[PDB]
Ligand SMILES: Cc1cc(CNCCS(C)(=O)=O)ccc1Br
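One chain follows as C-alpha coordinates, the form deposited without this ligand.
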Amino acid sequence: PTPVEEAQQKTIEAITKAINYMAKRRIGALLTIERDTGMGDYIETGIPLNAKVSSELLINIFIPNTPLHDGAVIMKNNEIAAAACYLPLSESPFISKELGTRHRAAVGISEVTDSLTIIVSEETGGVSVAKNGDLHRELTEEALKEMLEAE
(Lines give C-alpha, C1' and ligand atoms only; values in the text may rest on other atoms or scores of the structure.)
Protein backbone atom coordinates (compact mmCIF):
# COMPACT_ATOMS: atom_id res chain seq x y z
CA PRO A 1 0.00 0.00 0.00
CA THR A 2 1.60 3.24 -1.15
CA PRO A 3 1.13 6.54 0.71
CA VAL A 4 -1.14 7.71 -2.12
CA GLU A 5 -3.32 4.62 -1.69
CA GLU A 6 -3.43 4.97 2.10
CA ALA A 7 -4.36 8.65 1.76
CA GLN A 8 -7.18 7.70 -0.62
CA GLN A 9 -8.49 5.20 1.93
CA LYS A 10 -8.45 7.83 4.71
CA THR A 11 -10.39 10.30 2.47
CA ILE A 12 -13.04 7.66 1.60
CA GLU A 13 -13.36 6.78 5.33
CA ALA A 14 -13.76 10.53 6.13
CA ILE A 15 -16.38 11.05 3.38
CA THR A 16 -18.42 7.88 4.23
CA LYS A 17 -18.44 8.72 7.96
CA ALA A 18 -19.66 12.26 7.28
CA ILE A 19 -22.31 11.16 4.76
CA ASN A 20 -23.64 8.52 7.16
CA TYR A 21 -23.85 11.04 10.02
CA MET A 22 -25.66 13.54 7.85
CA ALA A 23 -28.08 10.98 6.36
CA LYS A 24 -29.13 9.81 9.83
CA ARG A 25 -29.92 13.41 10.82
CA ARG A 26 -31.51 14.53 7.52
CA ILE A 27 -28.78 17.13 7.01
CA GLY A 28 -28.84 18.17 3.36
CA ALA A 29 -25.48 17.95 1.64
CA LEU A 30 -23.94 18.30 -1.82
CA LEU A 31 -20.37 17.07 -2.25
CA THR A 32 -18.62 16.95 -5.63
CA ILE A 33 -15.33 15.06 -6.04
CA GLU A 34 -13.27 16.40 -8.93
CA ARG A 35 -11.79 13.71 -11.18
CA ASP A 36 -9.91 14.30 -14.45
CA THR A 37 -12.06 17.18 -15.77
CA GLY A 38 -10.91 20.27 -13.89
CA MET A 39 -13.54 22.20 -11.96
CA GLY A 40 -11.68 25.42 -11.24
CA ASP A 41 -14.43 27.59 -12.69
CA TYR A 42 -16.91 26.22 -10.13
CA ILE A 43 -14.46 26.12 -7.22
CA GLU A 44 -13.85 29.86 -7.72
CA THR A 45 -17.55 30.65 -7.16
CA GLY A 46 -17.45 29.47 -3.54
CA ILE A 47 -15.57 30.29 -0.34
CA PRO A 48 -11.94 29.07 -0.54
CA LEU A 49 -10.91 26.53 2.10
CA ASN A 50 -8.06 24.42 0.65
CA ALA A 51 -8.41 22.37 3.82
CA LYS A 52 -7.38 18.86 4.75
CA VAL A 53 -10.30 16.45 4.66
CA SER A 54 -11.91 15.24 7.86
CA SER A 55 -15.33 13.84 8.64
CA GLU A 56 -15.64 16.54 11.31
CA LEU A 57 -15.09 19.43 8.89
CA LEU A 58 -17.47 18.00 6.28
CA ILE A 59 -20.22 17.71 8.90
CA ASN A 60 -19.56 21.21 10.26
CA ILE A 61 -19.79 22.68 6.75
CA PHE A 62 -23.33 21.43 6.08
CA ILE A 63 -25.02 22.22 9.43
CA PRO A 64 -28.28 23.97 8.48
CA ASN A 65 -28.57 27.77 8.64
CA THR A 66 -24.79 28.36 8.67
CA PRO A 67 -22.65 30.46 6.30
CA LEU A 68 -21.18 27.48 4.42
CA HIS A 69 -24.11 25.09 4.13
CA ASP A 70 -25.88 26.37 1.03
CA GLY A 71 -24.16 25.25 -2.23
CA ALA A 72 -21.67 22.55 -3.09
CA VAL A 73 -18.46 21.45 -1.42
CA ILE A 74 -15.90 20.64 -4.12
CA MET A 75 -13.05 18.29 -3.21
CA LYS A 76 -9.73 17.98 -5.05
CA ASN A 77 -8.00 14.70 -4.16
CA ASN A 78 -7.51 14.80 -0.36
CA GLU A 79 -8.55 18.44 0.14
CA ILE A 80 -11.77 20.39 0.51
CA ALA A 81 -11.09 23.07 -2.08
CA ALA A 82 -14.12 25.29 -1.49
CA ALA A 83 -17.62 25.35 -0.01
CA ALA A 84 -20.86 27.10 -0.96
CA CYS A 85 -20.03 26.64 -4.64
CA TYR A 86 -22.32 27.10 -7.62
CA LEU A 87 -23.06 24.16 -9.93
CA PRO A 88 -25.24 24.31 -13.07
CA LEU A 89 -28.73 22.86 -12.81
CA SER A 90 -29.64 19.89 -14.99
CA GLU A 91 -32.84 19.90 -17.04
CA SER A 92 -32.81 16.11 -17.43
CA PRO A 93 -36.31 14.57 -17.34
CA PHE A 94 -34.88 11.56 -15.44
CA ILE A 95 -34.60 13.51 -12.16
CA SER A 96 -37.48 12.52 -9.88
CA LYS A 97 -39.88 15.45 -9.88
CA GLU A 98 -40.04 15.62 -6.08
CA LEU A 99 -36.29 16.33 -5.82
CA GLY A 100 -34.93 19.81 -5.19
CA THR A 101 -32.02 21.96 -6.25
CA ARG A 102 -29.20 19.94 -4.67
CA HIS A 103 -29.99 16.92 -6.86
CA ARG A 104 -30.49 19.01 -10.00
CA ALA A 105 -27.15 20.75 -9.39
CA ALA A 106 -25.43 17.39 -8.86
CA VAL A 107 -26.74 15.94 -12.13
CA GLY A 108 -25.93 19.25 -13.79
CA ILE A 109 -22.24 19.16 -12.96
CA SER A 110 -22.17 15.44 -13.83
CA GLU A 111 -23.25 16.29 -17.39
CA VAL A 112 -20.17 18.43 -18.13
CA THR A 113 -17.50 16.74 -16.02
CA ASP A 114 -16.41 13.24 -15.01
CA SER A 115 -16.80 14.14 -11.33
CA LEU A 116 -18.71 12.08 -8.75
CA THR A 117 -21.25 13.99 -6.66
CA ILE A 118 -22.90 12.71 -3.47
CA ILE A 119 -26.22 14.16 -2.30
CA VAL A 120 -27.98 13.76 1.05
CA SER A 121 -31.67 14.67 0.97
CA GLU A 122 -32.84 16.97 3.74
CA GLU A 123 -36.34 15.54 3.24
CA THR A 124 -35.71 11.80 3.54
CA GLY A 125 -32.06 11.34 4.51
CA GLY A 126 -31.60 9.30 1.35
CA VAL A 127 -28.14 9.20 -0.23
CA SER A 128 -27.66 9.46 -4.00
CA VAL A 129 -24.78 9.79 -6.46
CA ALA A 130 -24.64 11.68 -9.76
CA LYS A 131 -22.15 10.56 -12.41
CA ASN A 132 -22.16 10.98 -16.20
CA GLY A 133 -25.61 12.54 -16.23
CA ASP A 134 -27.25 9.71 -14.24
CA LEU A 135 -28.64 9.88 -10.70
CA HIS A 136 -28.50 6.71 -8.58
CA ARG A 137 -30.77 6.99 -5.55
CA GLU A 138 -31.36 5.35 -2.15
CA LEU A 139 -27.85 3.98 -1.74
CA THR A 140 -26.84 1.78 1.17
CA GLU A 141 -23.69 2.57 3.13
CA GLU A 142 -22.06 -0.41 1.43
CA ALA A 143 -23.03 0.72 -2.07
CA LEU A 144 -21.67 4.25 -1.49
CA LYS A 145 -18.37 2.81 -0.15
CA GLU A 146 -18.06 0.66 -3.32
CA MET A 147 -18.77 3.49 -5.72
CA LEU A 148 -16.05 5.62 -4.02
CA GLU A 149 -13.46 2.82 -3.98
CA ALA A 150 -14.13 2.10 -7.66
CA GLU A 151 -13.74 5.84 -8.48
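A residue's number is simply how far along the shown sequence it sits, counting from 1.
There is another form of this protein, the form deposited with this ligand bound, and it is not shown here; the text below is about that form.
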Completion exercise
Drop this ligand in from its pose in the deposited bound form via a C-alpha superposition round the site, and with the 3-atom, 2.4 Å backbone or C-beta test the pocket comes out open
Problem - Partner contact for residue 96 in the deposited bound form: this ligand, 4.5 angstroms, heavy atom - result: no
Problem - Exercise: residue 135 in contact with this ligand in the deposited bound form, heavy atom 4.5 Å - result: no
Handout entry: Contact of residue 52 with this ligand in the deposited bound form (heavy atom, 4.5 Å)
Key = no
Completion exercise
Contact check, 114-151 vs this ligand in the deposited bound form, heavy atom within 4.5 Å, ordered by sequence, gives 124, 125, 126, 127, 139, 140, 141, 144
